[PDB]
Protein chains: 2
Amino acid sequence: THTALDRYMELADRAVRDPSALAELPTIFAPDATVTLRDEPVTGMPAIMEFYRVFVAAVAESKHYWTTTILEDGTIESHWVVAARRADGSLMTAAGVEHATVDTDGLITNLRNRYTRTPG
Amino acid sequence: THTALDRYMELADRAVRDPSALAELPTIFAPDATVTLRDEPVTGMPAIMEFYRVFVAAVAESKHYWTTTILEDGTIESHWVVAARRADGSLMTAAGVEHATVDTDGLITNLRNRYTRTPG
Ligand SMILES: CC(C)=CCC[C@@]1(C)Oc2ccc(C(=O)O)cc2C[C@@H]1O
Ligand SMILES: CC(C)=CCC[C@@]1(C)Oc2ccc(C(=O)O)cc2C[C@@H]1O
């Protein structure tokens with residue numbers, strides 16, 4: 001599928017290679033969207049772009065796999081996995097589920113993640 | 001580095017895409033090598049080829065990252081991570097450390113893995 005959450009997942013690995021790919025974020029998130037990956041919310045495009053710049057700077061190379069469903073209420077859910085080499089040379093894996101609220105244009109207004117395998 | 005263990009790790013993902021890449025295994029393992037990935041040893045080229053054929057059949061797509069060191073005694077050690085989509089559509093991650101004995105030609109005579117993150 002190619003929902004905004006799919007487009008977001010696709011971006012993840014691309015932006016690690018090429019961080020200027022993050023200029024695509026306004027085609028994924030509504031402006032004034034809120035994102036909570038672990039514990040802290042980040043709201044609005046400027047803060048969202050900087051949070052993801054910082055995020056992808058800490059990663060040397062990554063690969064994500066995911067599966068996406070649209071729930072009863074129109075919420076989008078994606079189960080995902082990652083493997084990566086961090087910028088410090090350490091290796092990591094993680095796995096989780098992301099839940100997105102979308103607006104009538106299909107862009108994400110609220111993104112939440114819960115880990116089923118914490119990054120390690 | 002490009003030890004035989006590196007070439008083994010590099011083959012992993014290529015063979016999931018194209019299983020005929022496993023004809024490269026005789027350039028990685030000594031004939032009569034032993035491999036123990038989890039609990040059961042597989043010995044010799046014919047058995048090793050078949051074990052890996054079955055292994056990569058259960059995987060739709062994967063990505064490994066690894067780091068390799070040559071220990072004091074000449075044993076090769078690689079820390080690795082993987083993310084993958086399995087042939088049943090399930091997602092997985094795992095992480096471990098592989099230790100290889102090599103022979104004088106540099107081919108692996110004995111390969112052993114110990115998971116630090118079991119497949120899940
Ligand atoms: C940078 C971007 C556009 C998307 C990130 C996707 C995403 C699934 O990837 C990771 C990777 C590691 C980690 C980690 O915590 O190291 C967390 C996530 C959740 C993110 O939403
Ligand atoms: C097929 C081949 C040539 C190499 C496999 C490498 C390797 C690191 O990859 C996995 C992946 C999953 C798993 C798993 O158990 O699902 C185990 C391993 C150990 C293997 O040695």
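Counting starts at 1 for both ligands and their atoms, in listed order. Quick note: numbers below take in every heavy atom, side chains included, and nothing from hydrogens, waters or symmetry partners. Protein chains get the first letters and strands the later ones, always in sequence-line order, with residue 1 at the start of each.
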Exercise. Tell me, which protein residue and heavy-atom name are nearest atom 14 (C) of ligand 1, and how many Å apart are they?
Worked result: A:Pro119 CG, 3.4 Å
Problem set entry | ILVMFWY cluster, A:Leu11 and A:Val97 together (side-chain gap under 4.5 Å) | no
Problem set entry | Ring geometry between A:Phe51 and A:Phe55 (parallel below 30°, tilted from 30 to 60°, perpendicular above 60°) | tilted
Exercise. Taking the six-membered ring for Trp, are A:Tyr8 and A:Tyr52 parallel (under 30°), tilted (30 to 60°) or perpendicular (over 60°)?
Worked result: perpendicular
For this session: Starting from the C-alpha separation in whole Å, work towards a yes-or-no answer on side chain to side chain donor-acceptor pair (under 3.5 Å) for A:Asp13 and A:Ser62.
Result: CA-CA 6 Å; A:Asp13 295 331; A:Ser62 67; 2.8 Å; yes
Exercise. What's the shortest distance from atom 16 (O) of ligand 1 to any protein heavy atom, and which residue and atom give it?
Worked result: A:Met92 CE, 3.5 Å
For this session: Answer yes or no: is there a donor N or O on one side and an acceptor on the other, between the side chain of B:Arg7 and the main chain of B:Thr27, under 3.5 Å?
Result: yes
Exercise. For ligand 1, which atoms, with element, lie under 4.0 Å from some heavy atom of A:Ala12?
Worked result: 2 (C), 3 (C), 4 (C), 5 (C), 6 (C)
Problem set entry | A:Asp88 side-chain N/O to A:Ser90 backbone N/O, donor-acceptor pair under 3.5 Å | yes
Seminar exercise, completed: Looking at A:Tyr8, A:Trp66, A:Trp80, the heavy atom closest to atom 6 (C) of ligand 1 belongs to A:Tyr8
For this session: Return yes if some donor-acceptor pair links the side-chain N/O of A:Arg117 with the main-chain N/O of B:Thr93 below 3.5 Å, else return no.
Result: yes
Exercise. Relative to ligand 1, is A:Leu37 under 4.0 angstrom through side chain, backbone, both or neither, heavy atoms considered?
Worked result: side chain
Problem set entry | Structural part of B:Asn113 in contact with ligand 2, heavy atom criterion under 4.0 angstrom | neither
Seminar exercise, completed: If you scan protein heavy atoms around atom 7 (C) of ligand 2, the nearest is B:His64 NE2, 3.5 Å
Exercise. Atoms of ligand 2 less than 4.0 Å from B:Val56 heavy atoms?
Worked result: 1 (C)
Problem set entry | Close N or O approach (A:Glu98, ligand 1; < 3.5 Å) | yes
Exercise. Does B:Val16 approach ligand 2 within less than 4.0 angstrom via side chain, backbone, both or neither, non-hydrogen atoms only?
Worked result: neither
Seminar exercise, completed: Closest to atom 12 (C) of ligand 2 (heavy atoms only, candidates B:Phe55, B:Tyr115, B:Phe29) is B:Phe55
Problem set entry | Contact check: A:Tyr52 vs ligand 1, nitrogen or oxygen atoms, below 3.5 angstrom | no
Problem set entry | B:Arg14/B:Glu10 ion pair, N-O < 4.0 Å | yes
